[PDB]
Structures are given as structure tokens and as C-alpha cells.
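In the block that follows, a single chain appears as C-alpha cells, in the form deposited in one PDB entry.
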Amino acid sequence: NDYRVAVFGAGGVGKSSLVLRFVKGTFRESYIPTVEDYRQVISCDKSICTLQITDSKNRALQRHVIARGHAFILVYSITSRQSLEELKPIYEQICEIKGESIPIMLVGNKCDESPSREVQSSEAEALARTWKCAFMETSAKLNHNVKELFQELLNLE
């Protein structure tokens, strides 16, 4: 019943906003400039066993999080192609450290703002095909397939 995830993405894309809505079902909109931030670690000891999740965005502890981790989420904002570009160094960083059989997921969060949609799902799906990983578009605000994401991550055993 142990279940450990790892969430990656640029600042502000909504890693903790997705994890916080999968663990506690809550969401509360906020804004704060990146100069003030992010990094969160939320792990609630269930009852049967455990459920531990981490969001990462000087010190290169990303190497430690990846080496110790065993299932990764890559989050980019639909309204930011730059944030999608920042995930490729993280993918290569998870490939050099580990092995292929790793369960990886590419998430297009903040899909509720198609008026600001910079990344069309075509460009992203091609990348998911070339990475041999799964891709889906979530929205922590409106709870669009947020549970359907972590469920698909829990299945991969």
C-alpha cells in the first residue's frame, strides 16, 4: 500500500496545487511572484501504510529526489511553452541517473485557460510519444482529471 510519487515542473505551473487536490481534495487560488516562490513535501501516513508525495522546482537535490524516487510527474503550464521546455533537462536528468521501465507522466496542467493556450496538445503528444511516457491535461482549479492522473500513476506496478 506504500505509494511514493515525484512531481517536477517550473515555478507556478501547479505541482502542489495538483497534489494538494489529490490528497485533501481542496483548492484555493493564490498568486505570489517566483522571487518569493517552489518546493513542497506532503506525506500523510494512511492507516494501512503510507502515501508520500513531493514537489520540486544552489543545491542539486533534484539528483537525490530522482535517485531515491521511483515514479515521476512532469508538469507544464498550457499557457507557457517555456515551462514545457524546462522539463526536457529534467527528463534527461532522470534518464542519466536511472534507467525505460520507469513510470513517467507528462501533465498539461491549467488546461481550463484555453484562451491562453500556448501549447497545443498535438506538440505535447508527439513529445510523449518520443519519450514513451503517458500524457494527459489536468486542471487543479476545476478538478479536471486530477484523480484520473494519480490513479494512472498508482496502477503502474
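Don't overthink the numbering: it's just position in the shown sequence, from 1. Under this definition, the rigid core comprises the largest set of C-alpha atoms superposing within 1.5 Å between the forms.
According to the record, the deposited sequence contains no missing residues between residue 113 and residue 114, so the chain is continuous there. Missing deposited residues between residue 99 and residue 100: 1 to 3, all without coordinates in the entry. Checked against the record, the higher mean CA B factor of 122-130 and 84-92 lies with 122-130. The mean C-alpha temperature factor is higher for 44-52 when 44-52 and 24-32 are set side by side. Each of 64, 117, 70, 57 has a CA temperature factor in the record; the biggest one is found at 57. Split the chain's modelled residues into thirds by C-alpha temperature factor. Residue 17 is in the lowest one. When the modelled residues of the chain are ordered by their C-alpha B factor, residue 145 lands in the highest third.
What comes next is about the form deposited in another entry, which is not displayed.
Superposition of the core reveals a Cα shift of less than 2 Å for residue 122 between this form and the one not shown. With the core held fixed between this form and the one not shown, residue 88 has its Cα displaced by under 2 Å.
Panel note: the distance between the CA atoms of residue 32 and residue 149 is smaller in that other deposited form than in this form, the difference being 3 Å or more. In contrast to the form presented, in that other deposited form the C-alpha positions of residue 149 and residue 46 spread farther apart by 3 Å or more.
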